[PDB]
Amino acid sequence: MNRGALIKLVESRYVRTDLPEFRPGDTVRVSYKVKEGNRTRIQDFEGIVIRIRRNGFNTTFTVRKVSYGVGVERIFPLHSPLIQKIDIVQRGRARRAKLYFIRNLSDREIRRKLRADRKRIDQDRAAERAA
RNA sequence: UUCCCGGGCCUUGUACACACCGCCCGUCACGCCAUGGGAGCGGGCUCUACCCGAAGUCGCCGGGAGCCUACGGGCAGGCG
Ligand SMILES: [Mg+2]
Ligand SMILES: [Mg+2]
Ligand SMILES: [Mg+2]
Ligand SMILES: [Mg+2]
Ligand SMILES: [Mg+2]
Ligand SMILES: [Mg+2]
Ligand SMILES: [Mg+2]
Ligand SMILES: [Mg+2]
Ligand SMILES: [Mg+2]
Ligand SMILES: [Mg+2]
Ligand SMILES: [Mg+2]
């Protein structure tokens, strides 16, 4: 037998391919289905992705934002059915896979360290030229 | 005629005149009031240095690159 293949097989039903590719450093908006009273609704969460742990179906990514004066980080499964959509709001250029150092940087300092990933922006406009 | 009791006259000192059986000082005990000091405790104002930093004006850039053109430009956008 092939244990890996069997696992991928169990997983194949839950895999998603409708979400856009993004990198650590990109700014991203995750529309997330969320439960309250007595309804479920979509809440957006928008921030820099500071990390993407890979493990195929199990890869997860972490997004950080400042909300009303307090730092928040959210961790999402990339294949979570609760994600309605992800919109790329900006491409940042990182030099590092994991950006935990931005937790201690000022807003000025961050903006200086994560400049616009001019290449991947142009690349983004190049597509988005449709038929 | 020094002394004691009483009185007369002159004088001198007096913070006494309820007139020396006068006046009056301080501690101590007691009650009341205001205050000082006192390990500290709470508050108000104020100065200094540095970190972060909204809005906004000003200044630079406006390109790997957007919109308007009125295109040697302007607006978005970025930096300070
Ligand atoms: Mg395995
Ligand atoms: Mg909400
Ligand atoms: Mg006599
Ligand atoms: Mg006589
Ligand atoms: Mg006192
Ligand atoms: Mg006292
Ligand atoms: Mg004090
Ligand atoms: Mg004080
Ligand atoms: Mg400091
Ligand atoms: Mg400053
Ligand atoms: Mg121009």
# chains A, B, ... in the order shown; residues from 1 in each chain; ligands from 1
>>> interface_residues(of="chain A", to="chain B", cutoff="12 Å", atoms="only C-alpha atoms (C1' of nucleotides)", output="JSON, numbers by chain")
{"A": [104, 105, 106, 107, 108, 109, 111, 112, 115, 116, 117, 118, 119, 120, 121, 122, 123, 124, 125, 126]}
>>> residues_near_ligand(ligand="ligand 7", cutoff="10 Å", atoms="only C-alpha atoms (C1' of nucleotides) and all ligand atoms", output="PDB file with N, CA, C and O atoms (P, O5', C5', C4', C3', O3' and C1' of nucleotides), in the first residue's frame")
ATOM      1  P     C B  41       3.838  56.133  50.196  1.00  0.00           P
ATOM      2  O5'   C B  41       2.259  56.380  50.245  1.00  0.00           O
ATOM      3  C5'   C B  41       1.454  55.522  51.039  1.00  0.00           C
ATOM      4  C4'   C B  41       0.013  55.983  51.145  1.00  0.00           C
ATOM      5  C3'   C B  41      -0.600  56.742  49.964  1.00  0.00           C
ATOM      6  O3'   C B  41      -1.043  55.947  48.879  1.00  0.00           O
ATOM      7  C1'   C B  41      -1.024  57.937  51.917  1.00  0.00           C
ATOM      8  P     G B  42      -0.828  56.486  47.373  1.00  0.00           P
ATOM      9  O5'   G B  42      -2.015  57.534  47.140  1.00  0.00           O
ATOM     10  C5'   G B  42      -3.385  57.136  47.185  1.00  0.00           C
ATOM     11  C4'   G B  42      -4.321  58.323  47.169  1.00  0.00           C
ATOM     12  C3'   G B  42      -4.223  59.261  45.980  1.00  0.00           C
ATOM     13  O3'   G B  42      -4.881  58.819  44.820  1.00  0.00           O
ATOM     14  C1'   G B  42      -4.223  60.542  47.922  1.00  0.00           C
ATOM     15  P     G B  43      -4.225  59.177  43.403  1.00  0.00           P
ATOM     16  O5'   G B  43      -4.426  60.747  43.245  1.00  0.00           O
ATOM     17  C5'   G B  43      -5.706  61.287  43.015  1.00  0.00           C
ATOM     18  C4'   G B  43      -5.794  62.761  43.322  1.00  0.00           C
ATOM     19  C3'   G B  43      -5.223  63.746  42.325  1.00  0.00           C
ATOM     20  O3'   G B  43      -5.964  63.835  41.120  1.00  0.00           O
ATOM     21  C1'   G B  43      -4.748  64.480  44.490  1.00  0.00           C
ATOM     22  P     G B  44      -5.231  64.171  39.730  1.00  0.00           P
ATOM     23  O5'   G B  44      -4.982  65.744  39.806  1.00  0.00           O
ATOM     24  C5'   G B  44      -6.024  66.668  40.100  1.00  0.00           C
ATOM     25  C4'   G B  44      -5.477  68.069  40.173  1.00  0.00           C
ATOM     26  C3'   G B  44      -4.458  68.426  39.103  1.00  0.00           C
ATOM     27  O3'   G B  44      -5.039  68.776  37.863  1.00  0.00           O
ATOM     28  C1'   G B  44      -3.666  69.139  41.206  1.00  0.00           C
TER      29        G B  44
END
>>> closest_atom_pairs(of="chain B", to="ligand 6", cutoff="12 Å", atoms="only C-alpha atoms (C1' of nucleotides) and all ligand atoms", output="tab-separated table")
residue	atom	partner	partner_atom_place_in_ligand_line	distance
B:34	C1'	ligand 6	1 (Mg)	10.9
B:35	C1'	ligand 6	1 (Mg)	8.1
B:36	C1'	ligand 6	1 (Mg)	7.7
B:37	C1'	ligand 6	1 (Mg)	7.9
B:38	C1'	ligand 6	1 (Mg)	8.4
>>> select_by_dssp(residues="chain A", states="strand (DSSP E)", output="PyMOL selection string")
chain A and resi 27-35+40-53+60-67+70-77+83-90
>>> write_last_selection(atoms="C-alpha atoms", output="tab-separated table (two decimals), in the first residue's frame")
chain	number	residue	atom	x	y	z
A	27	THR	CA	-2.10	41.91	2.31
A	28	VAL	CA	-5.19	39.92	2.04
A	29	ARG	CA	-8.92	39.96	2.87
A	30	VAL	CA	-10.50	36.74	4.07
A	31	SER	CA	-14.26	36.61	3.96
A	32	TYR	CA	-15.12	34.18	6.64
A	33	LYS	CA	-18.39	32.53	7.44
A	34	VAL	CA	-19.03	33.09	11.06
A	35	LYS	CA	-21.82	32.19	13.51
A	40	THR	CA	-24.34	33.09	10.30
A	41	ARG	CA	-22.79	35.92	8.37
A	42	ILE	CA	-19.62	36.84	6.57
A	43	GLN	CA	-16.99	38.79	8.44
A	44	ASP	CA	-14.03	40.12	6.61
A	45	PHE	CA	-10.60	39.99	8.11
A	46	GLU	CA	-7.94	42.01	6.37
A	47	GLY	CA	-4.20	42.01	7.07
A	48	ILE	CA	-0.66	41.01	6.25
A	49	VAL	CA	-0.12	37.29	6.07
A	50	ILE	CA	2.77	36.69	8.30
A	51	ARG	CA	3.00	32.96	7.86
A	52	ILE	CA	2.06	30.04	5.66
A	53	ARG	CA	2.74	26.56	7.09
A	60	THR	CA	-2.59	26.97	7.19
A	61	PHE	CA	-1.82	30.66	7.05
A	62	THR	CA	-1.83	33.42	9.65
A	63	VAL	CA	-3.05	36.96	9.10
A	64	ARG	CA	-2.20	39.94	11.35
A	65	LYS	CA	-3.98	43.27	11.70
A	66	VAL	CA	-4.37	46.11	14.14
A	67	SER	CA	-7.93	46.48	15.31
A	70	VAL	CA	-4.79	46.07	19.56
A	71	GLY	CA	-2.85	43.52	17.50
A	72	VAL	CA	-4.85	40.53	16.25
A	73	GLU	CA	-3.72	37.41	14.53
A	74	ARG	CA	-6.02	34.88	12.89
A	75	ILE	CA	-5.02	31.45	11.72
A	76	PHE	CA	-7.00	29.92	8.82
A	77	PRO	CA	-6.95	26.52	7.21
A	83	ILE	CA	-13.68	30.86	3.74
A	84	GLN	CA	-16.04	32.35	1.22
A	85	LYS	CA	-13.30	34.01	-0.83
A	86	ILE	CA	-9.86	35.65	-0.41
A	87	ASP	CA	-9.14	38.99	-2.11
A	88	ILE	CA	-5.61	40.19	-2.61
A	89	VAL	CA	-5.63	43.79	-1.48
A	90	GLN	CA	-1.88	44.36	-1.91
>>> atom_distance(atom1="CA of residue 69 in chain A", atom2="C1' of residue 51 in chain B")
16.5 Å
>>> residues_near_ligand(ligand="ligand 1", cutoff="8 Å", atoms="only C-alpha atoms (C1' of nucleotides) and all ligand atoms", output="JSON, numbers by chain")
{"A": [3, 4, 7]}
>>> write_last_selection(atoms="C-alpha atoms", output="PDB file, in the first residue's frame")
ATOM      1  CA  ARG A   3      -0.135   5.349   3.028  1.00  0.00           C
ATOM      2  CA  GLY A   4       0.484   8.850   1.680  1.00  0.00           C
ATOM      3  CA  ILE A   7      -4.392  10.041   2.983  1.00  0.00           C
TER       4      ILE A   7
END
>>> atom_distance(atom1="CA of residue 103 in chain A", atom2="CA of residue 54 in chain A")
21.6 Å
>>> residues_near_ligand(ligand="ligand 3", cutoff="9 Å", atoms="only C-alpha atoms (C1' of nucleotides) and all ligand atoms", output="PyMOL selection string")
chain B and resi 5-7
>>> write_last_selection(atoms="C-alpha atoms (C1' of nucleotides)", output="PDB file, in the first residue's frame")
ATOM      1  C1'   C B   5      -1.869  96.328 117.631  1.00  0.00           C
ATOM      2  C1'   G B   6      -4.260 101.006 116.191  1.00  0.00           C
ATOM      3  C1'   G B   7      -3.988 106.175 114.286  1.00  0.00           C
TER       4        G B   7
END
>>> closest_atom_pairs(of="chain B", to="ligand 4", cutoff="12 Å", atoms="only C-alpha atoms (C1' of nucleotides) and all ligand atoms", output="CSV")
residue,atom,partner,partner_atom_place_in_ligand_line,distance
B:7,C1',ligand 4,1 (Mg),11.3
B:8,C1',ligand 4,1 (Mg),5.8
B:9,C1',ligand 4,1 (Mg),5.0
B:10,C1',ligand 4,1 (Mg),10.0
>>> residues_near_ligand(ligand="ligand 11", cutoff="12 Å", atoms="only C-alpha atoms (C1' of nucleotides) and all ligand atoms", output="list in words")
residues 61, 62, 63, 65, 66, 67, 68, 69, 71, 72, 73, 74, 75, 76 and 77 of chain B
>>> select_by_dssp(residues="chain A", states="helix (DSSP H, G or I)", output="VMD selection string")
chain A and resid 3 to 12 56 to 58 100 to 104 107 to 113 118 to 126
>>> closest_residue(among="B:54, B:49, B:60, B:23", to="ligand 9", atoms="only C-alpha atoms (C1' of nucleotides) and all ligand atoms")
B:49
